[PDB]
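Quick note on numbering: the sequence shown equals residues 168 to 253, 258 to 289, 300 to 429 in the authors' numbering. The structure appears right after this line, and notes come after that.
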Amino acid sequence: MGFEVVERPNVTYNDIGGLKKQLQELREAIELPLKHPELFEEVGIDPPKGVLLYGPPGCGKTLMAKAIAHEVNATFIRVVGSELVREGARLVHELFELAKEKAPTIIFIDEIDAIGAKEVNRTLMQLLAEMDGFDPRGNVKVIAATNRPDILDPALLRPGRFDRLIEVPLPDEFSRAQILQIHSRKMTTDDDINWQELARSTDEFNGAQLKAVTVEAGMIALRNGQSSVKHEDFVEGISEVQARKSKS
Ligand SMILES: Nc1ncnc2c1ncn2[C@@H]1O[C@H](COP(=O)(O)OP(=O)(O)OP(=O)(O)O)[C@@H](O)[C@H]1O
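Okay, structure coming up:
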């Protein structure tokens with residue numbers, strides 16, 4: 168095993184709420200040079216080998232990464248940084268070898284800070310070696326995620342590495358309403374549902390907690406033997422997810 172391999176992920180840009188601007192930057196960074204690498208050679212600019220997504224948990228970094236891979240017909244391989252801390260230089264190598272074999276590939280490195288906090302450590306040094314190894318205009322791209330871009334060893338941020346940075350922030354009020362709608366699409370909801378009030382009531386929620394709200398709302402409707410989900414069900418679901426946060 169070692170790291171998640173997904174032959175072709177079934178996630179699209181329509182599954183992502185809000186994030187239009189940051190999704191566009193990532194598409195311009197990875198999708199454009201994959202679909203039309205010849206343009207980047209004509210103009211004489213090396214596209215980025217690594218894109219670092221940063222921001223708080225559950226705001227859709229992983230989503231975006233899977234969605235890119237889908238659009239561009241690539242394999243998606245995921246490693247978790249905290250799992251790479253024990258060996259593991261060997262594992263980073265096997266990762267990039269496989270990724271080349273199953274190319275086109277999108278490598279997603281979660282929690283990169285676990286490995287690259289600031300003659301460097303042996304696992305981190307493999308990541309550096311592997312990225313200097315493969316060339317841009319090539320068809321293996323790396324995407325990394327972290328809370329703390331400030332705590333990263335500046336060696337990761339040097340040219341030819343993760344020299345393209347995108348902030349993936351908490352959803353704004355409009356985004357939150359989209360996120361709830363998106364995760365309610367498979368589920369019959371009343372016409373009388375006020376998505377925008379629900380969005381006002383979820384100040385500081387992330388995408389994962391908004392999805393969880395949809396899930397509890399659906400579960401409350403079930404326990405009540407309803408055949409559709411009511412506004413008051415979403416309001417109780419918000420209240421439940423807020424309770425769980427408090428129970429870290
Ligand atoms: N903008 C969004 N639109 C739709 N769903 C979202 C969004 N953000 C988060 N979610 C939901 O929450 C779940 C977790 O999100 P995701 O794993 O992408 O967050 P993250 O930024 O990768 O956090 P981390 O990598 O630190 O765990 C996803 O499965 C997704 O379904």
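The beta-carbon is built from N, C-alpha and C at its ideal position, and this holds for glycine as well.
First through last residue of the beta strand (DSSP E) which encompasses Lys322 = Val321 to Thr327
Can you name the residues that DSSP bridges to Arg245?
-> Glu171 and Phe279
Contact check, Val349 vs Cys226, beta carbons under 8 Å = yes
In angstroms with no decimal places, state the Cα-to-Cα distance between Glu282 and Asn328.
-> 8 Å
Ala326 versus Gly248, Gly388 and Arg175, residue with shortest Cα-Cα distance = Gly248
For residue 433, verify whether its CB is less than 7 Å away from any heavy atom of ligand 1.
-> With the chain represented from 168 up to 429, any question about residue 433 goes unanswered, as that position is not in the structure.
By the 10 Å Cβ neighbour count, where 16 or more other Cβ atoms means buried, how is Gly406 classified, buried or exposed?
-> exposed
Going by the beta-carbon positions, is the gap between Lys322 and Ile197 smaller than 8 Å?
-> yes
Is it the case that the CB of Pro330 approaches a heavy atom of ligand 1 more closely than 7 Å?
-> no
Out of curiosity, what's the CA-to-CA distance linking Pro352 and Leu391?
-> 10 Å
Near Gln307, what residues of its chain come up, given a Cβ to Cβ distance below 7 Å and the 5 sequence neighbours on each side ignored?
-> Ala260, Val263 and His264
How should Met231 be labelled, buried or exposed, when 16 other C-beta atoms within 10 angstroms of its C-beta is the threshold for buried?
-> buried
How many Å lie between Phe279 and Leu201 at the Cα?
-> 16 Å
Measuring from each Cβ to the nearest heavy atom of ligand 1, keep the ones under 5 Å and list them in chain order.
-> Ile183, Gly184, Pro224, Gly225, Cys226, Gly227, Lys228, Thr229, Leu230, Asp281, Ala326, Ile360, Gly388, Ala389 and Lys392
Grab me the residues of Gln377's own chain with a C-beta within less than 7 Å of its C-beta, minus the 5 sequence neighbours each way, in chain order.
-> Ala358
When you compare only the Cα positions, how much space is there between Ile212 and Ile235?
-> 21 Å
Short Cβ contact (8 Å threshold) for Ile244 with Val172 | yes
Rounded C-alpha distance that separates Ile332 from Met312 = 20 Å
Host beta strand (DSSP E) of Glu348 (start-end) | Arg345 to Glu348
Of the listed residues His203, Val239 and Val394, nearest to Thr276 (C-alpha basis) | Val239
Give the single residue among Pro204, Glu192 and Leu206 whose Cα lies nearest to the Cα of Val218.
-> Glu192
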